[PDB]
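S.K.: Can you keep this structure in mind? I'll have questions shortly.
Protein chains: 4
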Amino acid sequence: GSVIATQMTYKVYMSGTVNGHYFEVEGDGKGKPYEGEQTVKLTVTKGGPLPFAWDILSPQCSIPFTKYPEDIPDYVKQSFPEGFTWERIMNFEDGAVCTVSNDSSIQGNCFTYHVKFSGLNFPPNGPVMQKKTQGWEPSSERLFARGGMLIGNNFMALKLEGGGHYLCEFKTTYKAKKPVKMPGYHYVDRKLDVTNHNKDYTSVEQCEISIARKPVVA
Amino acid sequence: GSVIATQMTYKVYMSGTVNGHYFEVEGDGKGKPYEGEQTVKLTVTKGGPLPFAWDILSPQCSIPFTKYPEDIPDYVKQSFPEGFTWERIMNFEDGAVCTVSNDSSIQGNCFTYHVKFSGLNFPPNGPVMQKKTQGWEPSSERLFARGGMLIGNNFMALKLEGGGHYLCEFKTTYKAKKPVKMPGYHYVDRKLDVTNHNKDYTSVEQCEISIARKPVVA
Amino acid sequence: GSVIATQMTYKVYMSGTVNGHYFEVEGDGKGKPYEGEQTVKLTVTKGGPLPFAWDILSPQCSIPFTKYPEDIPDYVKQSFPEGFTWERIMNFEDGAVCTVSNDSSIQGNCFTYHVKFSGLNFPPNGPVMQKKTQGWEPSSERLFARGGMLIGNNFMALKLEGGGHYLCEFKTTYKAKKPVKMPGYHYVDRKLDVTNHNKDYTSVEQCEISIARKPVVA
Amino acid sequence: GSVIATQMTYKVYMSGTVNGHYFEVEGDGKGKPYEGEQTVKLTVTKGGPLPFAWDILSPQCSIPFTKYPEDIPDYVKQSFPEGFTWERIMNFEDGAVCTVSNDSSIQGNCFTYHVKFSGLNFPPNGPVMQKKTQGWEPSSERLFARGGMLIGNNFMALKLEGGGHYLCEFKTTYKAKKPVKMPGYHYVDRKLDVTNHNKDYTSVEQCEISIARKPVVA
Ligand SMILES: [Cl-]
Ligand SMILES: [Cl-]
Ligand SMILES: [Cl-]
Ligand SMILES: [Cl-]
Ligand SMILES: [Cl-]
Ligand SMILES: [Cl-]
Ligand SMILES: [Cl-]
Ligand SMILES: [Cl-]
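Same order as they appear, the protein sequences are chains A, B, C and D. Quick note, the first sequence lines up with residues 5 to 65, 69 to 225 if you use the authors' numbering. Quick note, the second sequence lines up with residues 5 to 65, 69 to 225 if you use the authors' numbering. Quick note, the third sequence lines up with residues 5 to 65, 69 to 225 if you use the authors' numbering. Quick note, the fourth sequence lines up with residues 5 to 65, 69 to 225 if you use the authors' numbering.
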């Protein structure tokens with residue numbers, strides 16, 4: 005409540021590989037953590053232009072910016088100033104798999120995100136390597152507590168050029184760097200929109216709204 | 005609209021195996037399909053008492072009873088009177104796997120469900136064979152259209168005796184027996200409660216509420 | 005050694021569903037269990053002609072007929088006369104999944120196999136429903152002991168019409184009906200050949216050679 | 005045949021993360037590529053001592072050193088001097104997942120391997136984070152050709168302290184940097200032994216024997 009301002013900014017430092025292609029990305033964002041609203045601008049600082057769809061990286065560029076009701080303990084925020092980290096597995100329906108690790112720290116009014124992205128087995132003629140994806144459908148992450156950690160499961164889906172979907176299952180484990188009050192079985196709905204970008208996506212702007220809630224039908 | 009009364013009844017005829025144990029179940033239910041409210045009474049007619057947790061069978065005992076808004080085409084209802092079928096895969100976090108097939112038909116004011124359940128690899132000392140489960144947490148099924156079919160993905164979870172959860176991923180493919188108007192990316196929230204049962208669950212009563220909706224944060 | 009003749013015969017009684025299609029199969033086979041050589045004739049007694057590739061059922065039609076060296080304890084044979092059962096999960100690379108349960112008993116010189124097959128989510132335009140498969144490539148099952156059971160993992164592959172492969176991962180758990188001497192980490196190589204069949208595969212003849220061995224490079 | 009000496013040496017440059025823990029490793033090895041025999045010495049140059057079992061990294065430290076019969080085209084060797092790369096997915100039975108990318112180049116009598124390792128979701132009280140593993144059981148990789156690539160599937164297993172096994176499924180895709188003669192359905196048996204190491208595994212010596220063969224029972 006005192007550790008996180010109503011208006012925060014954050015920096016993203018991501019590096020990784022996709023089918024063996026190394027790359028680096030830097031971002032500058034801001035938003036209202038208690039409102040669940042945020043925005044960020046990314047810049048491919050190395051390895052660009054990327055030979056793959058930007059969409060697989062968009063969800064890797069900020070959990071603190073999630074609107075949690077008062078009756079539902081905010082796992083991520085509580086962890087600060089200590090901070091926290093998250094580990095993610097992404098299984099695409101065509102065999103591709105990604106493992107992503109994050110470390111979230113805080114310094115005053117700014118959050119710092121260090122991210123390592125590892126993605127491979129993306130079919131050369133698939134939607135990713137052919138850049139045929141058109142953003143993510145809004146999602147709903149199932150979250151529960153286990154071993155002092157918060158685990159989130161999400162059935163994500165990328166909109167395909169000309170109609171259709173490219174499926175991907177998300178599993179993210181959030182690990183606070185200090186004991187916090189564990190939440191109950193809940194969900195976080197999100198809508199991530201790429202609001203701007205250049206011709207080759209070496210520059211991108213993203214908009215995200217994340218709101219937590221109890222089961223709709225309890 | 006004319007094929008399905010506001011108040012319907014249905015019969016369930018299920019047979020199958022769990023770790024090689026054959027069994028048979030018969031049910032009698034009713035509800036308001038357009039209200040998404042239903043109830044059913046099950047009776048283990050063969051193989052009882054079952055040496056496993058009833059909870060794995062509860063979700064196998069009625070899609071027509073789902074409240075769909077008017078702006079979201081009801082895939083299942085449209086299929087009638089022709090009817091439809093569904094195929095389901097259940098992956099429990101401890102290795103157990105179940106495949107379930109259903110056939111839904113209609114005769115006047117009564118729906119008939121024929122179900123075949125195949126479940127195996129349930130650890131002998133696990134929550135299922137030890138009957139340590141305590142009902143399902145409310146769920147949220149992600150649904151989209153593909154190849155004239157409706158596919159649903161759900162991150163289900165069984166409440167464990169003494170706290171904790173026993174996870175299970177659901178994937179259900181709904182196949183209408185006739186071309187129908189396909190729906191867009193949506194969800195169906197549910198809460199399935201075992202409202203009554205005898206000492207050995209050879210007799211069970213279930214309550215279910217299923218409501219469809221558009222993404223909470225679009 | 006006394007419970008199993010050098011020349012045995014067996015009967016197969018299989019029933020099940022594939023994408024909701026019920027069927028029944030009966031078989032009559034024979035072979036030399038200690039030689040790992042066997043043959044069997046199948047007859048679709050119900051639900052035929054099957055609207056799917058026979059190949060998915062061929063591996064479901069006899070572990071006792073496996074040549075085990077003397078330095079490697081034969082898990083399956085030891086279980087007799089008590090017998091044993093096995094549970095199997097089949098994951099095809101295109102999403103299809105099958106769960107199979109078996110019960111193996113013995114009466115004199117004849118083994119009796121009761122089998123329940125549940126398969127679904129086979130794409131309508133896939134190799135299975137389109138009958139474009141041409142038999143299994145020889146396989147190698149990785150076997151080890153756990154909880155008094157023997158678990159086998161196999162990377163199977165169906166030869167496709169015109170070249171190529173249709174992959175399927177096999178996981179089989181063998182459960183002896185009585186405590187037996189557990190084996191060490193080993194393998195069983197097999198070659199299953201459809202030696203004869205009629206136009207619509209309502210009648211089939213299969214040939215199988217199964218030999219156990221220690222790791223080739225220890 | 006002329007591009008690869010009968011006696012080669014190689015250098016390994018690996019970096020990565022495990023549950024968010026960054027690390028770096030350097031290796032110096034040698035062996036007889038056509039004999040399938042090789043050895044290598046690893047040194048944790050950064051992030052050591054590693055808080056996890058070394059065994060998960062041992063298989064990441069040399070395909071060129073595999074003995075292929077003459078009747079079976081050597082995919083990896085043919086690719087040189089152009090070289091090749093490989094992408095790997097590792098699924099441990101307790102939920103942990105690793106994605107590994109490699110790039111193999113050649114300069115005279117020395118192979119250079121650049122490796123990126125990403126592993127996460129290793130349970131804090133599991134065999135890996137608790138360093139309770141004792142080397143890999145010998146393995147057998149199922150290999151076949153697809154899309155000009157060679158795909159290998161392996162059912163690996165880590166020996167546990169006090170008996171038992173910690174399972175892990177391997178899937179490796181080999182991508183030659185130039186068109187080569189594709190091989191048929193075959194296998195590669197291996198035995199990887201940690202021949203020496205210091206108290207905290209910041210220094211390790213490994214021995215590997217890899218031999219290719221046709222199906223044992225064709
Ligand atoms: Cl907890
Ligand atoms: Cl809560
Ligand atoms: Cl459609
Ligand atoms: Cl809609
Ligand atoms: Cl054992
Ligand atoms: Cl042995
Ligand atoms: Cl090819
Ligand atoms: Cl070959």
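Where is the CB? At the ideal position from N, CA and C, for every residue including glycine.
Along chain C, which residues have their Cβ under 7 Å away from the Cβ of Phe-151 (chain D)?
M.R.: What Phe-151 (chain D) touches in chain C: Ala-164 and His-172.
S.K.: Where does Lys-34 (chain B) fall in DSSP's three states?
M.R.: strand
S.K.: With H, G and I counted as helix, E and B as strand and the rest as coil, what does DSSP make of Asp-59 (chain D)?
M.R.: The answer is helix: DSSP assigns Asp-59 (chain D) an H, G or I state.
S.K.: Among B:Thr-179, B:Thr-43 and B:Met-156, whose alpha-carbon lies nearest the alpha-carbon of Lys-15 (chain B)?
M.R.: B:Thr-43
S.K.: Is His-193 (chain B) close to ligand 4? I mean its beta-carbon at under 7 Å from any heavy atom of the ligand.
M.R.: Correct: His-193 (chain B) has its Cβ closer than 7 Å to ligand 4.
S.K.: Between the Cα of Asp-101 (chain B) and those of B:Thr-202, B:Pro-145 and B:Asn-132, spot the shortest distance and give me the residue it belongs to.
M.R.: B:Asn-132
S.K.: Consult DSSP for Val-83 (chain A) and reduce its assignment to one of helix, strand or coil.
M.R.: Reduced to three states, the DSSP call for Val-83 (chain A) is helix.
S.K.: Looking at the structure shown, is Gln-64 (chain A) part of a helix, part of a strand, or coil, going by DSSP?
M.R.: helix
S.K.: Strictly under 8 Å for the Cβ-Cβ distance: is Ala-225 (chain B) near chain A by that measure?
M.R.: Answer yes: the Cβ-Cβ gap between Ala-225 (chain B) and chain A drops below 8 Å somewhere.
S.K.: Relative to the alpha-carbon of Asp-207 (chain D), which residue among D:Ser-217, D:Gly-24, D:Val-48 and D:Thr-13 has its alpha-carbon at the smallest distance?
M.R.: D:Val-48
S.K.: If contact is defined by three or more beta carbon pairs under 8 Å, each pair taking one atom from either stretch, is the stretch 159-170 of chain C in contact with the stretch 131-148 of chain C?
M.R.: Using a C-beta cut-off of 8 Å, the stretch 131-148 of chain C makes contact with the stretch 159-170 of chain C, since at least three inter-stretch Cβ pairs fall below that distance.
S.K.: Taking a contact to mean a Cβ-Cβ separation below 8 Å, would you say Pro-190 (chain A) touches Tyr-82 (chain A) in this structure?
M.R.: yes
S.K.: Sorted by chain position, which residues of the same chain lie with C-beta nearer than 8 Å to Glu-77 (chain A)'s C-beta, five sequence neighbours on each side aside?
M.R.: none
S.K.: To be precise: take each residue of the stretch 86-106 of chain C, compare its Cβ to all Cβ atoms of chain B, and keep it if any distance is under 8 Å. Which residues remain?
M.R.: Close to chain B, meaning a Cβ-Cβ distance shorter than 8 Å, are the following residues of the stretch 86-106 of chain C: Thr-92, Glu-94, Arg-95, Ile-96, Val-104, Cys-105 and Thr-106.
S.K.: Regarding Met-189 (chain B) and ligand 3, is the C-beta to nearest heavy atom distance less than 7 Å?
M.R.: yes
S.K.: Run through DSSP, which three-state label would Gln-137 (chain C) get?
M.R.: coil
S.K.: Pick from B:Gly-5, B:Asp-59 and B:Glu-28: whose alpha carbon is nearest that of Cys-214 (chain B)?
M.R.: Nearest of B:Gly-5, B:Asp-59 and B:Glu-28 to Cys-214 (chain B), Cα basis: B:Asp-59.
S.K.: For the putative contact between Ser-108 (chain A) and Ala-183 (chain A), defined by C-beta atoms under 8 Å, what is the C-beta separation to the nearest angstrom?
M.R.: Incorrect: roughly 15 Å between the Cβ atoms, too far for contact.
S.K.: Name the chain A residues that come within less than 7 Å of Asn-128 (chain D), Cβ to Cβ?
M.R.: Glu-94, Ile-96 and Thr-180
S.K.: Take the Cβ of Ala-103 (chain A) as the centre, count every other Cβ of all protein chains shown within 10 Å, and call the residue buried at 16 or more, exposed below.
M.R.: buried
S.K.: Are there any heavy atoms of ligand 5 lying less than 7 Å away from the beta-carbon of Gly-154 (chain C), as far as the coordinates show?
M.R.: yes
S.K.: Following the continuous beta strand (DSSP E) through residue 247 (chain A), name the residue where it begins and the one where it ends.
M.R.: This structure gives no information on residue 247 (chain A), because the portion of chain A shown stretches from 5 to 225.
S.K.: Kindly confirm or deny that the stretch 196-204 of chain B and the stretch 17-27 of chain B touch, where touching means at least three C-beta pairs closer than 8 Å.
M.R.: no
S.K.: Does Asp-200 (chain B) come out as helix, strand or coil in the three-state DSSP assignment?
M.R.: strand
S.K.: Taking 7 Å as the cut-off, is the beta-carbon of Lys-221 (chain D) closer than that to any non-hydrogen atom of ligand 8?
M.R.: yes
S.K.: Closest Cβ-Cβ distance between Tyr-194 (chain D) and chain C: below 8 Å?
M.R.: yes
S.K.: Any heavy atom of ligand 4 within a distance shorter than 7 Å of the CB on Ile-79 (chain B)?
M.R.: yes
S.K.: Establish whether the CB of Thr-21 (chain A) and some CB of chain D are separated by less than 8 Å.
M.R.: yes
S.K.: Can you give the Cα-Cα distance for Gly-90 (chain C) and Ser-112 (chain C), rounded to whole angstroms?
M.R.: 5 Å
S.K.: Drop a sphere of 10 angstroms on the beta-carbon of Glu-168 (chain A), count the other beta-carbons inside from all chains shown, and report buried for 16 or more, exposed for fewer.
M.R.: exposed
S.K.: Provide the residue(s) that pair with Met-156 (chain A) in DSSP beta bridges, ordered along the chain.
M.R.: A:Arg-153
S.K.: Quick one: list the residues of chain D neighbouring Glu-144 (chain C), beta-carbon separation under 7 Å, in chain order.
M.R.: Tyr-192
S.K.: Taking the straight line between their C-alpha atoms, what separation do you get for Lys-123 (chain C) and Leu-165 (chain B)?
M.R.: 27 Å
S.K.: Rounded to the nearest angstrom, what separates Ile-70 (chain C) and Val-224 (chain B) at their Cα positions?
M.R.: 54 Å
S.K.: Quick check: is the beta carbon of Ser-147 (chain B) nearer than 8 Å to any beta carbon in chain A?
M.R.: yes
S.K.: In this structure, what does DSSP give as the bridge partners for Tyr-120 (chain A)?
M.R.: A:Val-16 and A:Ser-111
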